[PDB]
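Throughout, read-outs are computed from the coordinates displayed, never taken from laboratory work. For neighbour counting, all protein chains shown are included, and Cβ atoms are generated from backbone atoms with ideal geometry for every residue, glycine included.
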Amino acid sequence: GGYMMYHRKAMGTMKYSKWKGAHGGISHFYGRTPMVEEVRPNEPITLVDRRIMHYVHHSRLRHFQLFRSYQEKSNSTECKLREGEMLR
Amino acid sequence: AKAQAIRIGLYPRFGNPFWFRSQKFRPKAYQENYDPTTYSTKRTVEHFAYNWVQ
Amino acid sequence: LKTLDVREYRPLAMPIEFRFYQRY
Amino acid sequence: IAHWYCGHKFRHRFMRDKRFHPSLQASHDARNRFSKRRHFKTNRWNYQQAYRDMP
Amino acid sequence: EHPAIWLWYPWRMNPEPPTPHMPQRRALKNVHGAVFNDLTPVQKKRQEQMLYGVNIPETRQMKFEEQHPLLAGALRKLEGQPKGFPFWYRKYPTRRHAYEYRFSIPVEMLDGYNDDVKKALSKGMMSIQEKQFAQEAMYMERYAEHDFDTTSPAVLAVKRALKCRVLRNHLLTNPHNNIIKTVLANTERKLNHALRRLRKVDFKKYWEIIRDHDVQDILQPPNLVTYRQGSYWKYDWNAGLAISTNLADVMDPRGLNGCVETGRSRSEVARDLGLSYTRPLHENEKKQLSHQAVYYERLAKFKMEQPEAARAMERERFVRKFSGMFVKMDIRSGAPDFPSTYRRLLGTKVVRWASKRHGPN
Amino acid sequence: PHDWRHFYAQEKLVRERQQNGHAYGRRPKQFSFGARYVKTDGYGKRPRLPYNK
Amino acid sequence: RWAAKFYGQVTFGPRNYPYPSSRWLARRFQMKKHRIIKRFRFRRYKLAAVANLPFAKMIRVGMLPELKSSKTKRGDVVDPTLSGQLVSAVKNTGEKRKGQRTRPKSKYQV
Amino acid sequence: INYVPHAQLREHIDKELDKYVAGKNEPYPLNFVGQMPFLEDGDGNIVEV
Amino acid sequence: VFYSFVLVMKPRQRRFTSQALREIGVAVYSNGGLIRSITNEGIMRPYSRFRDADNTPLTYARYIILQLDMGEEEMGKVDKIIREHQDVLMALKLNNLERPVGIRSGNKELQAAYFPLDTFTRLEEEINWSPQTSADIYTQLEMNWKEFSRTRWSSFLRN
Amino acid sequence: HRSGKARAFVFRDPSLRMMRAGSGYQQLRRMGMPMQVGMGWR
RNA sequence: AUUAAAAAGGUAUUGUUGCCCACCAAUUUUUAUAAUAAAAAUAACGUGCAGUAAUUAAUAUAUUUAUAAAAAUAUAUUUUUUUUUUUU
RNA sequence: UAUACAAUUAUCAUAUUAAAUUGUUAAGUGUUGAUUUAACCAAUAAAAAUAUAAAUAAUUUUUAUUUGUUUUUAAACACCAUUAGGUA
Ligand SMILES: [Mg+2]
Ligand SMILES: [Mg+2]
Ligand SMILES: [Mg+2]
Ligand SMILES: [Mg+2]
Ligand SMILES: [Mg+2]
Ligand SMILES: [Mg+2]
Ligand SMILES: [Mg+2]
Ligand SMILES: [Mg+2]
Ligand SMILES: [Mg+2]
Ligand SMILES: [Mg+2]
Ligand SMILES: [Mg+2]
Ligand SMILES: [Mg+2]
Ligand SMILES: [Mg+2]
Ligand SMILES: [Mg+2]
Ligand SMILES: [Mg+2]
Ligand SMILES: [Mg+2]
């Protein structure tokens with residue numbers, strides 16, 4: 001069945017399954033791209049990445065994304081969590 | 001703003017296209033200067049260290 | 001219900017709001 | 001409180017007294033004190049065109 | 001199919017939806033439980049007459065000319081030429097008074113400008129909310145006793161009447177916002193107050209408000225119980241206008257009062273001053289009365305022309321007096337209410353009456 | 001968060017008085033992912049205030 | 001709502017107890033409510049209120065001679081026309097007709 | 001304010017569609033979004049980027 | 001302004017763009033309203049590809065700004081006219097232009113209480129600033145204020 | 001005790017309790033308010 | 001040359017070998033008799049192991065499910081134990 | 001058997017001066033395939049973002065109105081059953 005992109009089963013690989021959207025160049029992700037890093041000449045992409053990832057992690061975005069994109073939680077438990085977080 | 005801008009196609013549904021340009025306007029606070037008001041506990045202890053070692 | 005205490009449980013704490021509810 | 005009036009508990013007595021309390025009496029605003037609920041939602045489905053002899 | 005059957009499975013919180021179904025869209029009640037499917041032709045006409053536009057009555061141009069003839073003389077010189085001094089200000093005492101163009105712009109201030117501007121501030125360009133405020137200001141002006149008057153019963157009544165109509169048609173379109181159901185009902189209650197105060201202030205404006213906006217439905221006493229206790233009339237006692245009438249212009253006061261030393265009623269002193277205060281009669285009363293007046297002509301003619309039938313009936317009455325329950329007229333026999341004063345007879349001894357009370361007391 | 005319950009209550013109170021002093025702790029019913037665009041005319045396409053059910 | 005939220009007094013703690021109900025007590029009464037509701041479910045209870053009848057007096061429909069669960073107890077006396085109609089209502093409630101609003105179904109409803 | 005009347009419509013529309021005509025002697029005006037958009041010639045083909 | 005629009009349109013051959021804008025203009029004039037400005041902009045590259053009537057996604061589109069004076073009743077008609085036209089990809093509507101966000105909050109307006117005629121007289125451009133605006137207009141503005149304020153009465157009291 | 005009688009925080013001023021009693025039944029009988037409609041004490 | 005000190009709950013009450021939960025027999029007693037009436041006393045037998053943050057945290061409403069405690073889902077919630085970016 | 005609640009703050013069911021209601025957007029095809037799960041089984045997978053001002057306070061709405069149950073799957077996720085479907 002139709003899944004969202006952050007869904008578990010989203011991009012499937014099976015005999016039936018096929019990926020949705022124009023997948024290269026100007027793509028399905030066209031204006032949906034959260035970050036863009038032009039790689040400076042003679043710069044390993046491992047620094048690029050670890051900077052991106054540190055960024056998301058310290059601002060608790062990767063937190064949020066991981067959280068909401070795995071399982072469902074009712075608006076009450078979600079409130080309880082965000083407010084508990086904020087109060088701590 | 002972001003809502004309108006998006007539905008007119010003048011802003012992306014994700015991401016910040018001005019992220020770098022916008023860095024001027026943000027108070028980037030150098031680890032070398034000290035602002036007495038921070039919730040940064042690292043910077044404080046850093047300058048403590050610096051002066052003690054001095 | 002069961003009309004009697006199955007558990008003999010005596011908590012000894014006397015929180016002031018439980019007692020004087022006129023003032024708190 | 002004599003124990004034989006109204007129910008076998010005490011609070012039943014004071015609950016009947018509330019039908020005699022002065023500031024609680026029935027009027028044009030507070031009505032149907034004793035059965036409110038038998039009359040509730042009684043005319044919801046009763047459609048009555050209001051009365052106009054004047055244009 | 002026959003009557004609504006609710007069906008409730010007791011483990012479930014609430015019953016199943018009943019029977020051949022209640023009408024799919026819930027009825028819209030007024031404050032008293034009466035139902036309106038839609039606005040009346042008259043109200044409808046009021047909304048159509050608000051929608052397409054409104055106008056200041058030249059009533060105001062007139063009184064502006066007769067009150068301040070100098071200013072109207074100046075404007076009379078200056079027509080079409082652009083003005084830098086607003087001579088017309090007396091004509092519009094209040095911000096609210098100028099409704100013909102948006103943002104309270106008096107007409108003659110528009111003289112020397114572009115006609116695009118003239119079309120930009122015109123009625124057609126108003127929002128709906130603005131247009132309501134237009135209808136409201138014009139009416140408030142018609143019934144106001146001075147310019148800055150709001151609080152007065154007449155003005156209040158009209159503004160509330162309008163607001164009520166608006167909310168009504170609103171609910172006609174988009175069915176469930178119960179916020180506005182409630183606001184409508186509250187407005188209606190406050191309208192009820194304003195009107196019932198009006199008819200004791202002056203009743204003709206009261207009348208023609210009811211005839212203009214067609215609210216007679218919220219003046220209808222809600223239910224028989226509270227009406228019978230005289231708490232519908234009790235209202236204007238509370239509002240304090242209960243004695244306000246100032247008789248002498250209407251209803252000459254001489255025959256309204258009883259005699260204190262004589263003890264004769266007002267019907268009496270009226271009789272003696274040779275006056276008749278008698279409310280207009282419907283058909284019932286005229287007919288009963290006219291049938292009563294003539295008992296003696298009928299009787300006279302009867303006993304003259306036909307002594308036999310008469311004499312038979314008389315035999316009946318006469319012998320009857322000697323038969324029957326009581327012959328004697330004492331405190332017992334002469335109890336005006338027999339079942340009431342002896343209730344203690346009613347089950348066992350006396351079988352005539354099933355109940356101890358047939359009247360107020 | 002429950003230690004701050006009084007605070008939260010203050011806001012529930014507010015959302016109730018906006019509703020004519022009625023529905024306490026009530027919230028708008030969640031709808032559907034496609035709520036607006038799958039529903040025909042005459043049916044509510046967006047979640048209402050709870051008193052406005 | 002018609003039915004009762006609770007059975008017995010579920011908020012009984014000392015004054016100023018800063019909750020409607022303690023865990024213990026609410027658990028007891030959840031037991032009570034549980035037993036009652038289970039009794040209603042297994043005995044296949046049915047009630048009705050009819051238009052133009054005293055409402056607070058509810059005909060026991062689960063006790064009618066047709067719909068009765070027991071093969072022994074004498075059920076109840078309800079007028080032949082009204083009984084036929086009640087039977088037709090209970091019967092036509094069961095299944096989902098397309099276009100009607102979906103309403104929750106159970107074994108015990110039938 | 002210059003209001004477009006009904007008589008002046010297409011004249012104005014066309015004066016506007018020719019704002020960026022892909023050649024001129026003078027500096028070009030920007031957007032409301034503050035961009036220099038594609039210069040199209042007569043008939044709206046995408047000539048200068 | 002009373003109303004505004006941003007109209008994202010498919011970049012067609014000019015006769016078609018002229019036709020379409022004439023359709024919309026005639027759809028405004030019919031309904032008894034005015035046009036303050038119909039502003040043209042170029043063919044831009046948006047952040048979102050748009051699909052037109054053919055469901056063929058579009059990388060480029062022409063932007064066109066509308067500023068109108070209507071009633072709010074039959075702008076409903078104008079609106080469902082506009083959104084239903086095949087060559088209008090998107091339309092965003094601004095109804096807030098008479099009372100924008102920045103005014104009438106806790107006596108923020110000096111010498112008056114919400115004078116409405118300020119933001120009506122105005123066009124959209126000066127209510128909502130475009131990115132390129134810099135400190136330079138701070139000069140231009142006043143050379144256009146002082147100047148205006150000098151000649152207004154003289155010019156108005158002529159006729 | 002949610003289910004049970006309200007208790008005063010402190011006592012009631014007895015003096016004040018006697019001051020509120022002026023119009024009570026006994027003082028009324030002594031004023032002669034109620035009508036004597038029956039034989040009464042012998 | 002790799003690590004370790006500091007924050008925590010109990011329906012029990014010398015305390016988890018602690019206590020409790022429902023069905024499943026007899027009986028006792030009141031009644032407003034719904035598969036097999038309801039409710040209250042109760043000390044057998046047999047099934048489990050529901051609860052005490054308690055072996056998928058609990059509590060309330062809602063709907064469903066059922067040898068028996070109860071279990072699944074939808075909401076609210078802590079009488080459950082906390083983990084904490086003032087533009088990076 | 002009779003013999004003196006509270007009235008300054010008390011959590012389960014008798015509400016009441018309130019500004020809402022209405023918005024048509026998004027997403028979809030290249031190719032030969034072990035995705036999700038602690039673990040099973042059916043089997044295209046992508047997606048649905050915009051509104052403030054304003055509505056005057058109280059006095060007869062309590063048979064009136066009102067407190068998360070909702071047409072359309074030929075649209076999915078999700079949930080329930082297990083390859084047949086239900087529901088959404
Ligand atoms: Mg399917
Ligand atoms: Mg104990
Ligand atoms: Mg303890
Ligand atoms: Mg008598
Ligand atoms: Mg008798
Ligand atoms: Mg017995
Ligand atoms: Mg029993
Ligand atoms: Mg459990
Ligand atoms: Mg256990
Ligand atoms: Mg557990
Ligand atoms: Mg539970
Ligand atoms: Mg339950
Ligand atoms: Mg079980
Ligand atoms: Mg349960
Ligand atoms: Mg109560
Ligand atoms: Mg459906």
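A few points about this structure:
- This model, with +1 at the C-beta of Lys and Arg and -1 at the C-beta of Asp and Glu, gives region E:292-357 a dipole about its Cα centre of some 460 debye.
- Spin-label proximity, E:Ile179 to region F:9-39 - amide N less than 15 Å from point 7 Å beyond Cα toward beta carbon: F:14-23, F:27-29
- Remark: the Cα gyration tensor places region E:232-361 in the oblate category, a/c being 1.5 or greater and a/b not exceeding b/c.
- Computed from the Kirkwood radius of its Cα pairs, the Stokes-Einstein diffusion coefficient for chain I at 25 °C and 0.890 mPa s stands at 134 µm²/s.
- Square roots of 5 times each gyration tensor eigenvalue, C-alpha, chain D, largest first, Å: 39, 15, 6
- Using only side-chain charges placed at the Cβ, +1 for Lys and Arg and -1 for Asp and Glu, the dipole size of the protein assembly as shown relative to its Cα centre rounds to 9240 debye.
- Cα-based shape type of region G:3-69, given that a ≥ b ≥ c are square roots of the gyration tensor eigenvalues and the cut on a/c is 1.5: oblate
- Two-decimal ratio, region I:63-123, of alpha-carbon radius of gyration to 2.2 N^0.38 Å: 1.47
- Of the residues G:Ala56, G:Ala89, G:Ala26, the one that moves most in a GNM of chain G with alpha-carbon contacts below 10 Å is G:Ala56.
- MRE, 222 nm, helices only [DSSP H, n ≥ 4, -39500 (n - 2.57), over chain I, to nearest 500]: -10500 deg cm²/dmol
- Mean-position separation - Cα centroids, region E:67-128 and chain H, in angstrom: 40 Å
- Shown here are the Rg and Dmax of the Cα trace of region I:1-41, at 11.1, 31 Å.
- Separation in nanometres of the label points that stand 7 Å from Cα toward Cβ, at E:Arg352 and B:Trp19: 10.5 nm
- Chymotrypsin sites (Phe, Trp or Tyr not before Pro) restricted to DSSP loop in region E:279-356 with at most 12 other C-beta within 10 Å: E:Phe326
- Between A:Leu87 and H:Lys19, the modelled labels are 5.4 nm apart [label points 7 Å from Cα along Cα→Cβ].
- Separation of chain J and region A:1-77, taken as the distance between their Cα centroids, equals 81 angstrom.
- In this rough spin-label picture, where each label sits 7 Å from Cα along the Cβ direction, the E:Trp237-B:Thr38 distance is 8.0 nm.
- Rounded FRET efficiency, nearest 0.05, which uses the C-beta distance separating E:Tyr277 from I:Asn95 and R0 of 60 Å: 0.40
- From the Kirkwood radius over Cα pairs of region E:65-111, Stokes-Einstein at 4 °C and 1.567 mPa s returns a whole-number translational diffusion coefficient of 115 µm²/s.
- If the segment from E:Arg228 to E:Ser104 were pulled out straight at 0.36 nm per residue, it would be longer than the present Cα-Cα gap by 39.6 nm.
- Selected from G:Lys96, G:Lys32, G:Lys68 as most flexible by GNM, with chain G as the system and alpha-carbon contacts under 10 Å: G:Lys96
- Placing a label point 7 Å from the Cα of E:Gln49 along the Cα-to-Cβ direction, the residues of region E:136-151 whose backbone N falls under 12 Å from that point are E:139.
- Part-to-part distance (alpha-carbon centres) for region F:10-34 and region I:31-98, which is given in Å: 36 Å
- Between the beta carbons of E:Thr341 and E:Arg320, assuming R0 = 22 Å, the FRET efficiency works out to 0.35 to the nearest 0.05.
- Mean projected area of the Cα convex hull of chain J, taken over all directions, amounts to 6.2 nm².
- Calculated [θ] (222 nm, deg cm²/dmol) that DSSP helices of n ≥ 4 give over chain E, each run adding -39,500 (n - 2.57): -14000 deg cm²/dmol
- Charge dipole (Cα centre; +1 on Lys/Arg Cβ, -1 on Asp/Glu Cβ; no other charges) of region I:3-135 amounts to roughly 520 debye.
- When the chymotrypsin sites (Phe, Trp or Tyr not before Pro) in region F:1-38 are filtered for DSSP coil states and for at most 16 other beta-carbon atoms within 10 Å of their beta-carbon, the remaining sites are F:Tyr24, F:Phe31, F:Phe33.
- Summed over qualifying helices (DSSP H, 4 residues or more, each -39500 (n - 2.57)) and divided by its residue number, chain G shows a 222 nm mean residue ellipticity of -10500 deg cm²/dmol.
- Extents of the protein assembly as shown, taken as max minus min of Cα coordinates on every principal axis and listed largest first, are 134, 99, 72 Å.
- P(r), alpha carbons of chain A - 5 Å bins starting at zero, rounded %: 2, 10, 13, 16, 18, 17, 12, 8, 3, 1
- Leading residue at positive end of dipole, region G:1-66 (Cβ point charges), from G:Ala56, G:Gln9, G:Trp24: G:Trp24
- Using the Cβ-Cβ distance between I:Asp52 and J:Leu28 with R0 set to 56 Å, the FRET efficiency works out to roughly 0.05.
- Selection among E:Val327, A:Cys79, E:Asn361 by position relative to the dipole of the protein assembly as shown gives E:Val327 as farthest towards the positive end (Cβ unit charges, Cα centre).
- DSSP-assigned coil residues among trypsin sites (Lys or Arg not before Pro) in region E:305-361, each with at most 12 further Cβ atoms within 10 Å: E:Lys328, E:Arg332, E:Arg344, E:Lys349, E:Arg352, E:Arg357
- Shape index of chain E: Rg/Rh, with Rg the Cα radius of gyration and Rh the Kirkwood radius from the inverse mean 1/r over Cα pairs, equals 1.17.
- Degrees separating the helix E:178-201 axis from the principal Cα axis of chain E, which is the longest one: 70 degrees
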